[PDB]
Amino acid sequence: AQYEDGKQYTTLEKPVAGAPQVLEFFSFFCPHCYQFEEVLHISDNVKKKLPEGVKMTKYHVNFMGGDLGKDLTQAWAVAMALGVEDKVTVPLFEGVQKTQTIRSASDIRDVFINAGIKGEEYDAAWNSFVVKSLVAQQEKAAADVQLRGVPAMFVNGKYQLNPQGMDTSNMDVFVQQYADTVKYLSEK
């Protein structure tokens, strides 16, 4: 077959019932995740190749970056609660990996303030139990599939993308192969 288990994707031993339709995991410390956002725009191209209104979920992970890695998961929960993912994703990535100006939770906060989120608004969300629950959902989804590496995408809690099995000579061909595989698994 053109799409084969083990080539463009793998199948989880234990499927996760009730998982989001398209679930991505990333970390701002993850170098390929930087490429996936700034260079390849994987999420946007995947969303485009999916039907209108299909839910896509993107979660941060703790296992990279020690203390600051956990701060960034809580901050991503703040981004999701306020709906400002599209405003902080790039400066958080560049702050961690490019300029390396993010070394504390306050430095993360500065990215949100520079993005236009008010101080009282960020601090209230940061300490809110709505964000606490959002942090738990990110941890629960990662623990559900024993996640040990990022970037990672899961389709309907049963299939895991395998980008190592695609072509990486052409960036644009890789993205299109990746998105078509998500679409293929979506229709399974």
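The term rigid core refers to the most C-alpha atoms you can superpose between the two forms while keeping them within 1.5 Å. Sequential numbering from 1, following the sequence displayed.
- For the pair 58-66 and 45-53, greater average C-alpha departure from the shown form in 4 other deposited structures of this protein after core alignment is found in 45-53.
- As recorded in the PDB entry, 79-87 is the stretch of 104-112 and 79-87 with the greater mean C-alpha temperature factor.
- Taking only CA atoms, the mean B-factor in the PDB entry is higher for 49-57 than for the other of 127-135 and 49-57.
- For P163, the recorded CA temperature factor ranks within the middle third of the chain's modelled residues.
- For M153, the recorded CA temperature factor ranks within the lowest third of the chain's modelled residues.
- Residue-level temperature factors show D172 in the lowest third of its chain, judged at the C-alpha atom.
- Looking at the C-alpha B-factors along this chain, the one for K70 belongs to the lowest third.
- The PDB entry assigns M64 a C-alpha temperature factor belonging to the middle third of its chain's modelled residues.
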